[PDB]
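What follows is a single chain, given as structure tokens, in the form deposited in one PDB entry.
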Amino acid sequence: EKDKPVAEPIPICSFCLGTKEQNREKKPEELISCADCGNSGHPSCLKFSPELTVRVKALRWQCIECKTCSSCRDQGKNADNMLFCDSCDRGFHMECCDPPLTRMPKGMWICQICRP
């Protein structure tokens, strides 16, 4: 993440078509932008909590479609079942977790990086 360059951000929310000056509640709200494709969303349109929003703004964040597994760097045939960390929004295939997961976790899920 420290190494891969960041795409030019699009200053429009892909979900509501507002800018940083107007979200769905007619209020200003800064965008977050995918580092790989540049497409953007308001945290409120992405349904991110304030805490998750703070963490992803400090990371090389990827949108839902661009998200690659932090362990294997792939999307692959099992991409749709990639888990998204509820602390940092990184993606992990279940088979790439440490330890590997046979089944979907229940409730909020925290990845191997965020776990103390």
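Throughout, we count residues from 1 along the sequence that is shown. Take the two forms, find the largest set of C-alpha atoms that superpose within 1.5 Å, and that set is the rigid core.
Same protein, other form: the form deposited in another entry, not shown, and the subject of what follows.
79 is the only residue from 54, 66, 79, 59 whose Cα shifts by 2 Å or more between the shown form and the other one, the rigid core being superposed. After superposing the rigid core, the C-alpha of residue 101 moves by 2 Å or more between the shown form and the other one.
Relative to this form, the distance between the C-alpha atoms of residue 32 and residue 78 is reduced by at least 3 angstroms in that other deposited form.
In that other deposited form, the Cα-Cα separation between residue 78 and residue 38 shrinks by 3 Å or more relative to the displayed conformation.
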